[PDB]
Structure formats: structure tokens, C-alpha cells
Amino acid sequence: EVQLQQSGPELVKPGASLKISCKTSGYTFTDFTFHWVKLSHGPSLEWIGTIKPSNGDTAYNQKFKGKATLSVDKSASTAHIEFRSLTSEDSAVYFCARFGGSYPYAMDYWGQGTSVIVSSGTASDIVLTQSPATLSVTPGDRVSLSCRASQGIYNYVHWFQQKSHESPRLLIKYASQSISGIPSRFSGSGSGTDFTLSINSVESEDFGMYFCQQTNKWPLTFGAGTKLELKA
Amino acid sequence: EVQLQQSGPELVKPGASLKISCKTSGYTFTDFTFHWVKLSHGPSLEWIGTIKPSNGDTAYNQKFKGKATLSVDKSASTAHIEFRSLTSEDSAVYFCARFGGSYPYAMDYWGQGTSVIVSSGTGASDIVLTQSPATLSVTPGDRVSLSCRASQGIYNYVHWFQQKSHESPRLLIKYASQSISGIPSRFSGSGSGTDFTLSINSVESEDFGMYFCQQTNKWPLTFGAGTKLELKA
Amino acid sequence: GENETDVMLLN
Amino acid sequence: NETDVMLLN
């Protein structure tokens, strides 16, 4: 049983520095790259960066380069992210995830997330277009979710479900590959620029946000999401 | 076993409304008033308001009157707070607490707190409580005294709380000097009127954290800015 | 009114 | 395939 356990909720003053942690169990910590993801309103997901725990190599989203530093403590099997000069714009839920599993790897295990509050006191990036933005359906309807890439990315698309108060869950990797434990109603297709996630028959437990993600080019990017909701 | 269980972390857009909850177990929900407290940097504590679950009577801190609405769902034994027109200034940890226990009542049980993030995207006569020193650096074994001075006479209506990092406040002393079950003997309180003291006979390593005083004699209920007890270099 | 919170909090 | 060295090897 693999687990990524994140440190507790934080509340800091503007201008402060903050280090948050991600500790692993059930597998060899140096096996897979660690990723940090920022959750903002929508919900919306942004990729901050990645660290390779075996050698400490990093790759950052340029938007976060002056803000966050990724590090690992191999002796403690713990990954860290340190923020500097925190502002109201940094208040968010931050997730850690590993990029592993059976080959080819994907963001398969995620931490529970860390809420960070910064208290007020007393261009060449791949664009992923998700449509329809909202799907209002009755359980039993068959649905299809689209993800259009700004340029050809072969089969480097992955699909995530995100339910309220929960961490993202990997549904499909590399456009069409099935994930262990994921129900058979979820399937994916496409290559190049047009990708589809199909849900054979929507269940009540499926309502939430669905995000596509590309991992062909730096920075890794997400679509804006499709909200799957119960028809009024 | 009494428990106040708060709903999970929230993240919303500016201008949104949000209802957060506090569900009780192990006692009769209508027994005691429910209170909501805002935690901001410092840490700093502010009292938002109270609701009496038996009859629905409320009393608000005027600073939060146009922002928050308190309610109870007696059928679900759940207390609620609803925020409107949320802004970055509202991002905080919100605690629910009951004002009960053995008579005279005090904020004895607290929820674990709810982190509310309002995402940026991709009272002329209120009682002032002066706490000193603001920071106290000590070595375990040291005898310490923490002061709480009220802006005017409040009789014995002072309560002391300990708050450790990532934890909810813990009631140490109620009504200036009354001892609390399970609280170690090293903690004691004294004073009446305007001058109040919390003494720690001999400080232990587990005592490091924030110490807040609170007055419940006048509306709105108020807190001191706290004394940060830390280890000496 | 020296005990204005008593009706709400203690009764 | 600029991410393979980092993510897959």
C-alpha cells in the first residue's frame, strides 16, 4: 500500500517563507519523480514543478520559478516545497504526487493536499481546451468529454477526476490506457490533438470535475476542466 | 465523549457565499450556546458571534454583522455559519466551540477548525485585553507568569487558553482561577477586576505555544493578542 | 447592567 | 519527447 502523506494546514503572514512536506510509505522513495500542483478556484489545477528524488534534478513551471523551491530528504523519504515572499495570491491547496506505477508512468498516487492561507490579518506552453465546460446529466446518460491540444502531443494525455474535498484521481493514462481499480465505464481515445474521455453510463458517484493533462512538453499543463453535474 | 466535528477545507471564488458546519456528538445539542472564532496570522483570535440552539437567539460582533449569519439545524444536531461576499480578507481558519461544561460555563469543547481559502485565481467601547510579554523565551524548569490587563473592570470573567501549532485552542483556566479537569497542576490563575495572571509553576517542553486570555463579561466577547511561549536559544 | 452576557451564556 | 529523460528514464 503506497501512500503520500502531506503536512497539516498552514496559516502565515504576508512576506513569510513556508516549507510544506510530502512523506511516502509502501515503496522505494527514489523510484519516481515528485510533482507539486496548485489548486485554485473553479476548481483549477496548475503544475508548479517536478523533482527527481534519485539525483535532485528539477524542472519548474517558469510562472513559479521565483516563488517555490523543490527539495527531497532521501534519509526521511520526504519531498518538500518551500515558498518565499508569500502573498494573498499564494493562498491555495497544494498537492504532491508521484509519477509512477507500471510503465509508462503517470501521476498515479497523490497526497491529501495542504491548505495554505496567507492571512490578511484582523506563450509556447501547450494549451489544452476542454469542452463542453459543463455537462448537466441524469445518472444513466452516456457522456463524452473533449480535450483539444494547441499542437500535436502524440498519446501524452492523461485524465483525472476530482471530487469536492478530494485529491485528483488518475482515470486514464497515455490517451487510452486503463488504470487498476478504475471502473470499466471510463475509457479514453485519441492521438495528436483531439482526445476524448467517455463514461459509458454516468453514475451518481461520478459528479465532479474532470481534467486532462499533457506530459509531452515543459511545462506540464492541464485543461480548465469539465464540470459533470446532476441535471436539476 | 463530547465531540464537535467541523466540515472539511474549503476553497472559493471572490464574491461567493459559503456555509460551513459544526456537528456535535455525545451530548444534548440544545444545551449550550455555539460560538464561531476566526484565526488569522500571529496567531490572532477574533470572536464572530454566538447562537443559543434552544431558542435561536443570536449576538454578533458588529465587525462581522454584514458578513456572517449563524444558524442551527436541531434535527441534524449541527450548527452552521454562512458567509456572504467573500474576499481575500476572509481567508482564515474558522473554529466552532460550545460554551458549556459544569456551571459556570466556558468554551470547553472546540471543533478541529475549517480552513477557508478565498482564491485569487490563476465597536467604540469593546473590552481591550492587553497581554504581556508578547513573546516569552524560557528554559524548561523556569517559573513563569503571563499577564492579561482589561481596559475596564470585568470581575472574574477571564478565561485562559493554550493553542499549539496545528491544534484547536484548549481551555486551561475559567473565571480567572477555576481549575479544569485533566489540566496539569502547574497551571493556575489569579486576579479580579482588571489584572489577571496565568502562572506556570515550572514550564515543561510540552508547554511551548500560544497562550490567550478571553473576556466574556461584555459584548462582543474579546481575546488578548496572546503570549508566545518558546524555547530560549 | 454589569452582567450583560449572563442571560445568553449562563441561563 | 523532451520530458522522457526526466519522467520516464
# chains A, B, ... in the order shown; residues from 1 in each chain; ligands from 1
>>> interface_residues(of="chain B", to="chain A", cutoff="7 Å", atoms="only C-alpha atoms", output="number ranges by chain")
B: 8-9, 11-13, 40-41, 88-89, 91-92, 115, 117, 119-122, 166
>>> write_last_selection(atoms="C-alpha atoms", output="PDB file, in the first residue's frame")
ATOM      1  CA  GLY B   8     -13.595  19.933   5.550  1.00  0.00           C
ATOM      2  CA  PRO B   9     -11.333  22.522   3.868  1.00  0.00           C
ATOM      3  CA  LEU B  11     -11.704  26.940  -1.497  1.00  0.00           C
ATOM      4  CA  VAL B  12     -13.975  29.510  -3.173  1.00  0.00           C
ATOM      5  CA  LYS B  13     -14.061  32.370  -5.723  1.00  0.00           C
ATOM      6  CA  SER B  40      -5.698  34.997  11.447  1.00  0.00           C
ATOM      7  CA  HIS B  41      -1.849  35.500  11.441  1.00  0.00           C
ATOM      8  CA  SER B  88      -9.201  37.600   0.345  1.00  0.00           C
ATOM      9  CA  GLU B  89      -9.635  39.199   3.849  1.00  0.00           C
ATOM     10  CA  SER B  91      -9.306  33.541   4.083  1.00  0.00           C
ATOM     11  CA  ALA B  92      -8.764  32.079   7.574  1.00  0.00           C
ATOM     12  CA  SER B 115      -9.578  26.320   6.538  1.00  0.00           C
ATOM     13  CA  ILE B 117      -9.456  29.965   1.179  1.00  0.00           C
ATOM     14  CA  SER B 119      -8.788  32.159  -4.016  1.00  0.00           C
ATOM     15  CA  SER B 120      -7.156  34.990  -6.094  1.00  0.00           C
ATOM     16  CA  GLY B 121      -7.311  32.670  -9.174  1.00  0.00           C
ATOM     17  CA  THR B 122      -4.566  31.722 -11.689  1.00  0.00           C
ATOM     18  CA  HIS B 166      -1.945  22.939  14.008  1.00  0.00           C
TER      19      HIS B 166
END
>>> select_by_dssp(residues="chain C", states="helix (DSSP H, G or I)", output="list in words")
residues 6, 7, 8, 9 and 10 of chain C
>>> write_last_selection(atoms="N, CA, C and O atoms", output="JSON list (two decimals), in the first residue's frame")
[["chain", "number", "residue", "atom", "x", "y", "z"],
["C", 6, "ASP", "N", -24.81, 37.16, 30.79],
["C", 6, "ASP", "CA", -25.33, 36.07, 31.63],
["C", 6, "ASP", "C", -26.62, 35.40, 31.12],
["C", 6, "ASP", "O", -26.69, 34.17, 31.16],
["C", 7, "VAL", "N", -27.61, 36.19, 30.63],
["C", 7, "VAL", "CA", -28.88, 35.66, 30.11],
["C", 7, "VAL", "C", -28.61, 34.71, 28.92],
["C", 7, "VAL", "O", -29.10, 33.58, 28.89],
["C", 8, "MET", "N", -27.77, 35.17, 27.99],
["C", 8, "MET", "CA", -27.41, 34.41, 26.81],
["C", 8, "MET", "C", -26.51, 33.19, 27.12],
["C", 8, "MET", "O", -26.83, 32.07, 26.72],
["C", 9, "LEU", "N", -25.38, 33.41, 27.82],
["C", 9, "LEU", "CA", -24.37, 32.38, 28.04],
["C", 9, "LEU", "C", -24.59, 31.42, 29.22],
["C", 9, "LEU", "O", -24.18, 30.26, 29.13],
["C", 10, "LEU", "N", -25.20, 31.89, 30.32],
["C", 10, "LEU", "CA", -25.33, 31.07, 31.53],
["C", 10, "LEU", "C", -26.75, 30.65, 31.93],
["C", 10, "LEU", "O", -26.89, 29.87, 32.87]]
>>> select_by_dssp(residues="range 172-230 of chain B", states="strand (DSSP E)", output="number ranges by chain")
B: 172-174, 178-179, 187-192, 195-200, 209-215, 222-223, 227-230
>>> residues_around(residues="residue 209 in chain A", least_positions_apart="4", cutoff="9 Å", atoms="only C-alpha atoms", output="PyMOL selection string")
chain A and resi 43+160-164+225-229
>>> write_last_selection(atoms="N, CA, C and O atoms", output="short mmCIF file (atom, residue, chain, number, x, y, z; two decimals), in the first residue's frame")
data_model
loop_
_atom_site.label_atom_id
_atom_site.label_comp_id
_atom_site.auth_asym_id
_atom_site.auth_seq_id
_atom_site.Cartn_x
_atom_site.Cartn_y
_atom_site.Cartn_z
N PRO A 43 -12.99 24.39 -9.61
CA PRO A 43 -11.54 24.31 -9.32
C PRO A 43 -10.66 24.34 -10.57
O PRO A 43 -11.11 23.99 -11.66
N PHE A 160 -7.99 12.97 -15.28
CA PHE A 160 -8.19 12.98 -13.83
C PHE A 160 -9.57 13.34 -13.44
O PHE A 160 -10.17 14.26 -14.04
N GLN A 161 -10.08 12.65 -12.41
CA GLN A 161 -11.34 13.00 -11.78
C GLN A 161 -10.96 13.74 -10.49
O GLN A 161 -10.04 13.34 -9.78
N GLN A 162 -11.67 14.82 -10.20
CA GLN A 162 -11.52 15.50 -8.93
C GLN A 162 -12.87 15.80 -8.32
O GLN A 162 -13.62 16.62 -8.85
N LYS A 163 -13.17 15.12 -7.20
CA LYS A 163 -14.41 15.31 -6.46
C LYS A 163 -14.18 16.33 -5.35
O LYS A 163 -13.04 16.51 -4.91
N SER A 164 -15.25 17.04 -4.92
CA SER A 164 -15.21 18.05 -3.86
C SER A 164 -14.52 17.50 -2.62
O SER A 164 -14.82 16.38 -2.18
N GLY A 225 -10.84 22.12 -17.24
CA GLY A 225 -11.80 21.20 -16.66
C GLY A 225 -13.21 21.24 -17.23
O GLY A 225 -13.66 22.27 -17.74
N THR A 226 -13.90 20.10 -17.15
CA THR A 226 -15.32 19.90 -17.49
C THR A 226 -16.01 19.53 -16.17
O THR A 226 -15.60 18.59 -15.48
N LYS A 227 -17.05 20.29 -15.81
CA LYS A 227 -17.84 20.00 -14.61
C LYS A 227 -18.95 19.01 -15.02
O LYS A 227 -19.75 19.31 -15.91
N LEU A 228 -18.99 17.83 -14.39
CA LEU A 228 -20.04 16.83 -14.64
C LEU A 228 -20.98 16.97 -13.47
O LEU A 228 -20.55 16.79 -12.32
N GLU A 229 -22.23 17.39 -13.74
CA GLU A 229 -23.18 17.66 -12.65
C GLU A 229 -24.56 17.11 -12.91
O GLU A 229 -24.92 16.83 -14.06
#
>>> interface_residues(of="chain B", to="chain C", cutoff="7 Å", atoms="only C-alpha atoms", output="VMD selection string")
chain B and resid 33 104 to 105 217 to 219
>>> write_last_selection(atoms="N, CA and C atoms", output="mmCIF file, in the first residue's frame")
data_model
loop_
_atom_site.group_PDB
_atom_site.id
_atom_site.type_symbol
_atom_site.label_atom_id
_atom_site.label_comp_id
_atom_site.auth_asym_id
_atom_site.auth_seq_id
_atom_site.Cartn_x
_atom_site.Cartn_y
_atom_site.Cartn_z
ATOM 1 N N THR B 33 -24.739 27.401 24.192
ATOM 2 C CA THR B 33 -24.514 28.322 23.071
ATOM 3 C C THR B 33 -23.329 27.869 22.220
ATOM 4 N N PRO B 104 -20.027 27.464 36.446
ATOM 5 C CA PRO B 104 -20.374 28.365 35.324
ATOM 6 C C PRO B 104 -19.669 27.929 34.035
ATOM 7 N N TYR B 105 -20.387 27.973 32.921
ATOM 8 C CA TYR B 105 -19.926 27.508 31.602
ATOM 9 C C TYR B 105 -18.776 28.314 30.999
ATOM 10 N N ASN B 217 -17.505 38.996 29.866
ATOM 11 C CA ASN B 217 -18.398 39.856 30.674
ATOM 12 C C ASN B 217 -19.238 40.801 29.801
ATOM 13 N N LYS B 218 -18.657 41.285 28.683
ATOM 14 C CA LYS B 218 -19.293 42.246 27.782
ATOM 15 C C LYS B 218 -19.330 41.800 26.360
ATOM 16 N N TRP B 219 -20.357 42.258 25.624
ATOM 17 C CA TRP B 219 -20.454 42.017 24.192
ATOM 18 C C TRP B 219 -19.606 43.088 23.460
#
>>> residues_around(residues="range 3-5 of chain B", least_positions_apart="5", cutoff="9 Å", atoms="only C-alpha atoms", output="JSON, numbers by chain")
{"B": [21, 22, 23, 24, 25, 26, 27, 96, 97, 98, 109, 110, 111, 112, 113]}
>>> atom_distance(atom1="CA of residue 60 in chain B", atom2="CA of residue 221 in chain B")
9.3 Å
>>> atom_distance(atom1="CA of residue 225 in chain B", atom2="CA of residue 15 in chain A")
20.4 Å
>>> atom_distance(atom1="CA of residue 132 in chain A", atom2="CA of residue 118 in chain B")
26.1 Å
>>> closest_atom_pairs(of="chain D", to="chain A", cutoff="7 Å", atoms="only C-alpha atoms", output="CSV")
residue,atom,partner,partner_atom,distance
D:1,CA,A:216,CA,5.8
D:2,CA,A:217,CA,6.0
D:3,CA,A:216,CA,6.0
D:7,CA,A:33,CA,6.4
D:8,CA,A:105,CA,6.5
>>> write_last_selection(atoms="C-alpha atoms", output="JSON list (two decimals), in the first residue's frame")
[["chain", "number", "residue", "atom", "x", "y", "z"],
["D", 1, "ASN", "CA", 9.78, 13.98, -26.43],
["D", 2, "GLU", "CA", 11.65, 16.49, -24.18],
["D", 3, "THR", "CA", 10.15, 15.18, -20.83],
["D", 7, "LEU", "CA", 9.77, 11.45, -16.24],
["D", 8, "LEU", "CA", 10.32, 8.00, -17.85]]
